[PDB]
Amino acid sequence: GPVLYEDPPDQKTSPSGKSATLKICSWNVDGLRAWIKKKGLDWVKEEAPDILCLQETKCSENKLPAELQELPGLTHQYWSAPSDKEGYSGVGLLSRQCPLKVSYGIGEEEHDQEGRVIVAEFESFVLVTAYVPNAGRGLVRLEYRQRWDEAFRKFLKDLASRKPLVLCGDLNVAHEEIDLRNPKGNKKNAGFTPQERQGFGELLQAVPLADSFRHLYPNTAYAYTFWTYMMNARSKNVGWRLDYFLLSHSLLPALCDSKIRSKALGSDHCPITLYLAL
């Protein structure tokens, strides 16, 4: 039998003792419209997060279903979609409260053409949600992905100097061997090449950022956020951890918990939730 993973209960109190005051939820919906048909929005209303980040929406701004506009609580909504590619990439950020400033992309024309980054600045921190480019089957985009990784790292380092940073989304890499079920087989596959894993480790050390889930559960294995639709991967928990909450070190005393909502359906990714005490 396959070894399954049960995410531990929500810890809503920081180590300092302060109660959690902010609840961010991130989910790669892999088809915003199909995700809504599969009752994804119902799960969101059940989670009731202060902020909701979505990746791989595959939805142009004009094609957004009407129910999203009428969603309760998360009234302030921002979307980014590729200029010239239909049904590809795309992210979104939905918040209960209005952000002070909202910008798009990372400032480099080469990397801002697929709608992968939304930046939402708040009084106490800056939230970035990202959908990092996949290296592709055959590694056709691995050279581009290394260029992106370097540009994205410099971008986040500049943001982090002025304000504490929270980064979330599909970062499209399993950092370590614990972060995917079959590491020996995937050393040359997109998501686990040495170039991608190194860029991730360089990102954590340069900005600097910490992997919230791994920080709290350093030896917890079999904890994935993605399973291919093929070969019953999700039934057999043959997965990858591609979806992260990376925090600035100064927010670590405010970190309460980082969750993996393994049971939530509607995508080949599952949602992840962050609890902070600000």
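Numbers follow the displayed sequence, beginning with 1.
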item: 65 to 73 set against 239 to 247, stretch whose average Cα temperature factor tops the other in the entry; value: 65 to 73
item: Mean Cα B-factor comparison, 135 to 143 or 170 to 178, giving the higher one as deposited; value: 135 to 143
item: Residue with highest C-alpha B-factor in the PDB entry, from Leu204, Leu94, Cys98, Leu127; value: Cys98
item: Per the PDB entry, maximal CA B factor within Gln55, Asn232, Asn219, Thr225; value: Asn232
item: Ranked C-alpha temperature factor of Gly199 among modelled chain residues, by third; value: highest
item: Ranked against its chain, the third holding the CA B-factor of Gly90; value: lowest
item: Chain thirds of CA B-factor: placement of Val29; value: lowest
item: Entry-reported Cα temperature factor of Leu252, expressed as the chain third it lands in; value: middle
item: Third of chain Cα B-factors occupied by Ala277; value: middle
